[PDB]
Each structure stands twice: as structure tokens, then as C-alpha cells.
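Contents: one structure, followed by commentary.
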Ligand SMILES: Cc1cnc(-c2ccc(-c3ccco3)cc2)n1Cc1ccccc1OCCCCCC(=O)O
Ligand SMILES: Cc1cnc(-c2ccc(-c3ccco3)cc2)n1Cc1ccccc1OCCCCCC(=O)O
């Protein structure tokens, strides 16, 4: 409860764009095509260009999630090396869980909420830049059906970072014990914050396995791009993660 | 990295302090200043007042067996708090323990040994090596090479904190037969061995060559245990009325 307050507080300190802020906008400049895209920017091609904007957004979200993890209690007392592994395998599951907050069925907020880019447009991109995008929308649309708010998400995101099964963890039991607290606070929080909704906690535990699968298939698609899109550059911060 | 290695060592040392009833520090204070057992008479006096059948050589062998079963139990609890030991496959745990306990047991046995004998029954007995030599073959023979190993090992003057990491390196051995995730085991061992190199510079700053010296003792320990296991084979073969504890049967199987 206090613990949940504190993670919420940390979430607010660290993420410029909260679901709260995002929902109030979604109910910005549309970008539904080439002309609109080009106007918004007022190079290789439109697709690789959109991909570079994805990369720019992911990079920044890694930075935020990195500062955020510093506030999850005991995270800072893990081996430095365990910290890095937790961040490495988890940031993308967190990044895709938080994507739901800025997405609706028709598209997503960009540039701090000033823009909206239609899901139509992103589908129009040539393969495989279309295929790496659309599966996130399918996930985000369902996730949003759970109607979580920011306070819930702050715990959700922390539970994802503190996952016991990452490859190469030295102290699994310690990481697991921190997560178990996070998961307990989260159950407690959902009872209190969503008391008439029913079965939310284990629906959320399932979403965590849905994301793990989503990031598997994303990593899968990224390495295909790493080869087949010979001329497409990848931010070095994103090279370590995919290494 | 440097700060993680320190903390990893400290974790291994705490696991050690919590799991072994007898540390070298305690053993050394007892040895330097128990009831001395040096003959049949003092032996029987001990089974009557140091409480903790067939013939003397076999009775001694049984007590050797009771103590090693107990140390195997402590080593299993110890390994449970070696960081990453408990999230290995359950079959890798059992395998690491089955092939490594004896190496760990004869490493640590140096802690409770001097050239004249060793502590028994948590430091309340001392059995002289002369008495153990006087036992009949093959029992006297399975004993004396551990003393020879222990005397030279003690000359390296390790302490508990060094030993905790040395023992962990013996348990987390990548080379044991029939492991499922060899690369994972090898990764933990390498981390243990880096932590060890670092801890020795810090704990033994004037000792030249101490780390490669310990890698060699690890080689010598493997040969000692091979030789030990051949002898246990010969005893199973030739001493038919002598029994072996079922925990030890599983290991030797
Ligand atoms: C998570 C996110 C947040 N914001 C954006 C975003 C930003 C600006 C644009 C835009 C389009 C036209 C101009 O700008 C599109 C998406 N994304 C990206 C994204 C949203 C939905 C589905 C999939 C996505 O990325 C998949 C590729 C990520 C590659 C790098 C990596 O693996 O790390
Ligand atoms: C490791 C240890 C620790 N303490 C003792 C100990 C205990 C009590 C007596 C005692 C003699 C009279 C009354 O009690 C002697 C030795 N040992 C045993 C031992 C110490 C030195 C050399 C060899 C040894 O074992 C040889 C047989 C091991 C068989 C079991 C197996 O393979 O697993």
C-alpha cells in the first residue's frame, strides 16, 4: 500500500507520458499518409524512416525505465550485473505494456502527444516494417480492455522488470523475492482500486506471459531486419539489448 | 566486476558460516587450546562417554561413514545458498553433489587435522593418526593419504573465507559427467573462481602464487577422490560383512 504509493510516485517522476495525460488527448495532428508524415517533419525511405522514429522512441523509454528501476526497493542492492540483465530482457516487455496507454484501435500518439499516427498508415508500410508494428496493436487493444490506470501500471511495469527467469541471473531467489512483494502489492492494489472488477490479478499475470511471447516474436523479427534490411541502422543502445 | 565479486564472496562466506557446524577457526582454537583416542581402550571409553558391532578396524570405518554422511548433508544445505545453485535443473544439483561432495569433504577435513590426528564429534574427541595407521589394511590405507593431502593443504594457511569460495568452486564444477546445462555450470564456476582470485589478493596480499596453487590442489583433490573411490570399490569387493550407508551407496553407484 505505502509500497504501491511509492512505485506510483516513482512512475510519475520518470515517465513524461502517463496514460492519464494520454487519454485526455485521445479524447493532435493526424498522420495518416506520406504528405502528412512529411508535413510533421517540417534519410533513406518512408518505412526505414518510420522505423528510426520507433527506435528513437524506444531508446528514450529505455532510459526512463532504467531510472525508474532505481526506485524499485532493493533493485539497487542487486549485483550490478543482475541489474543490467533485468533491464536487458525486460525493457521491451515494459515498453510494449506501456504502448497500450498511448494507443487506441485507430492508432497512437507520438511526439509527446502532439501527433497521432494511424494504424492504417503503419500497415501501409512495406514489409517487414508493417509486420513488426501491427502485433503491438493487437496486444494493446485487448490490454486497454482491462482499463488499468497509471497506479496499476506502475506496479505492473515493476513486476516485469523484476522477473526471476532472465538468462544469466546470478541471484534468482533475491530477484524472485522482490517480485513477489511487487506482485502482492499489486494484488492488494487491484482489490482496492478495481473492487467490482473480478479476476483482474490473474488476468494481469497472463498478460505478462502474453508480453513475453510478444517480445520473443519481436526479437525474432528484429534479427530478420538485422540481416534482410542491410542498409537500416540500429541505435547502438538497441544493439546491446539484441546482442 | 570488482564490487559484485566482493559481494558474491561475502554471500558465499555467510552461507558457509550458517551451514557448517565446524569452521576452521573453531577447529584451530580447539586443536591449539577433547578426549584423545589412541587405542582400543580409549576408543571404547569414547563410545561410552563421548557419545556423539564387529571389530576395531570396521568400527572405525563406520564412524568415518557417519561423519561423511553428516558433511554431505551440510554441503547440500551449503550449496542451496550458493547463488545460482538452486535454479539449476534438479538433476544438475544432484549430479554436482554426487561427484563433488567427496572432494569438498577432503578439502575441509584439513581444517580439523594436524600432523598428529584429527577432531571428531564436533571437537570433543581427538583421534591420533598413529592409532588410525595401526588399523588393519585396507582401512589404514584408505585413511593415511587424506592426512598427507591435509598436512600440505594446511601449509597454504587458508581461512574460512577463502575456504568458502574454494569449496563452492569444487561443487560448481563444469566437468562432471552427465550434466544437462554444462555452459551454465561453467559460468557460475568461472564467477566463483574470479571472486576467489580477487579475495586472495585482498586476504593474502603477500602470498605469491596462491591462486594457481589452489587450482592445483583442486586437481590433486580429484585424483585423491578417484583413488579413494577405487579403494571403496576394493572394500565393497573384499570386506563382505562390512556395510556402507545407503546415502553413500547412491553416491558410489
Ligand atoms: C513503442 C512505440 C512508442 N512509440 C512508437 C512510435 C513512435 C513514432 C512512430 C512514428 C510513425 C511515423 C512517424 O513516427 C511510430 C511508433 N513506438 C513504436 C511502435 C509502436 C507500435 C508498434 C510497434 C512499434 O515499434 C516496433 C519497432 C520497434 C523497433 C525498436 C526496438 O525494438 O526497440
Ligand atoms: C572426513 C572425516 C572427517 N572426520 C572423519 C573421521 C571421523 C571419526 C573417526 C573415528 C575413528 C575412531 C573413532 O572415530 C575417524 C575419522 N573422517 C573420515 C576420514 C578422515 C581421514 C581420512 C579418511 C577418512 O575416511 C575414510 C573413509 C571414508 C568412507 C566414507 C566415504 O567415503 O564417504
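Chains as they are written, first to last, in the entry's author numbering: chain B, 176 to 202, 210 to 224, 238 to 438; chain A, 171 to 203, 210 to 228, 238 to 438.
Think of the CB as a built atom: it goes at the ideal place given N, C-alpha and C, for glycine as much as any other residue.
Using only the heavy atoms of ligand 1, determine whether one of them is closer than 7 Å to the beta carbon of residue i.
i: residue 248 (chain B); result: yes
i: residue 216 (chain B); result: no
i: residue 219 (chain B); result: yes
i: residue 365 (chain B); result: no
i: residue 290 (chain B); result: yes
i: residue 328 (chain B); result: yes
i: residue 312 (chain B); result: yes
i: residue 413 (chain B); result: yes
Is any beta-carbon of chain B found at less than 8 Å from that of residue i?
i: residue 418 (chain A); result: no
i: residue 178 (chain A); result: yes
i: residue 347 (chain A); result: no
i: residue 374 (chain A); result: no
i: residue 393 (chain A); result: no
i: residue 185 (chain A); result: no
i: residue 173 (chain A); result: yes
Tell me, please, whether the CB atom of residue i is closer than 8 Å to any CB atom in chain A?
i: residue 368 (chain B); result: yes
i: residue 192 (chain B); result: no
i: residue 293 (chain B); result: no
i: residue 365 (chain B); result: yes
With DSSP as the reference, identify every bridge partner of residue i, one or two as the case may be.
i: residue 310 (chain B); result: B:211 and B:305
i: residue 298 (chain B); result: B:303
Using 7 Å as the cut-off, classify the Cβ of residue i as near or not near the heavy atoms of ligand 2, replying yes or no.
i: residue 331 (chain A); result: yes
i: residue 200 (chain A); result: no
i: residue 226 (chain A); result: no
i: residue 303 (chain A); result: yes
i: residue 252 (chain A); result: yes
i: residue 433 (chain A); result: yes
i: residue 213 (chain A); result: yes
i: residue 294 (chain A); result: yes
i: residue 267 (chain A); result: no
i: residue 370 (chain B); result: no
i: residue 417 (chain A); result: yes
i: residue 384 (chain B); result: no
i: residue 336 (chain A); result: no
i: residue 245 (chain A); result: yes
i: residue 181 (chain B); result: no
i: residue 287 (chain A); result: yes
Anything in the region 258-288 of chain B with a Cβ closer than 7 Å to a Cβ of chain A? List those residues in chain order, please.
For the region 258-288 of chain B, the residues whose beta carbon sits under 7 Å from a beta carbon of chain A are, in order, 274, 275 and 276.
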